[PDB]
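The chain below stands alone and is given in structure tokens; this is the form deposited in one PDB entry.
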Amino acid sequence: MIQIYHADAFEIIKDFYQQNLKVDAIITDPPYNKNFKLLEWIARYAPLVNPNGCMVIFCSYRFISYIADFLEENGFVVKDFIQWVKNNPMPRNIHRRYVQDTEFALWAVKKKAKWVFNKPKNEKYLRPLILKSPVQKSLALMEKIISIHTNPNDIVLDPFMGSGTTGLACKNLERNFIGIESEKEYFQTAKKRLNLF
């Protein structure tokens, strides 16, 4: 099942309250990254998650401490952080500074939740991909995140879905996606990648 909306996440959320919607996991990459604003989508969307559900939020090292504390204020337990590295950076300036090859994501679960994890064998580390693509997002990255923290019929929610790619990953993994995007061009891009019409 794939269902996407063209809307403002801070408005359709009220409609989700009326429908008493339940989703298994929110896997998203929020905008930006008073800090409330916007940690606030978290406080607003946190009630949708099932007792055993989790969250995965992509972010910047200048924020993650704030996001994590906020999550644990809203009824989640932060288990760990995951990362993925790009092999071809911008660079940009290599004689005065490090290249930023690395992006981060936060992983938190509901408080008394029995969470998924789900671990192919092997036994496994903190960084899903060495990836390729230079300069988002790679389908392969999202597929491995979604392969890990969700199971086949669990409901995945991406309040900012952008191009899709969270939804596309869920589809290939047969995971029942719901997603939201504000701007029409990205919405139409996600909608075409996901067929429908």
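The first residue of the shown sequence is 1; numbering continues from there.
Absent from the display: the form solved in complex with a small molecule. The rest refers to it.
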The small molecule in the entry with it bound: contacted by all of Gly53, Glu73 and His149, heavy atom 4.5 Å: no
Which of 162-170, 124-132, 59-67, 149-157 sits within 4.5 Å of the small molecule in the entry with it bound, heavy atom basis: 162-170
Proximity of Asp29 to the small molecule in the entry with it bound, heavy atoms at 4.5 Å: yes
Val23: touches the small molecule in the entry with it bound, heavy atom cutoff 4.5 angstroms: no
Partner contact for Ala9 in the entry with it bound: the small molecule, 4.5 angstroms, heavy atom: yes
Close approach of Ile178 to the small molecule in the entry with it bound, 4.5 Å, heavy atom: no
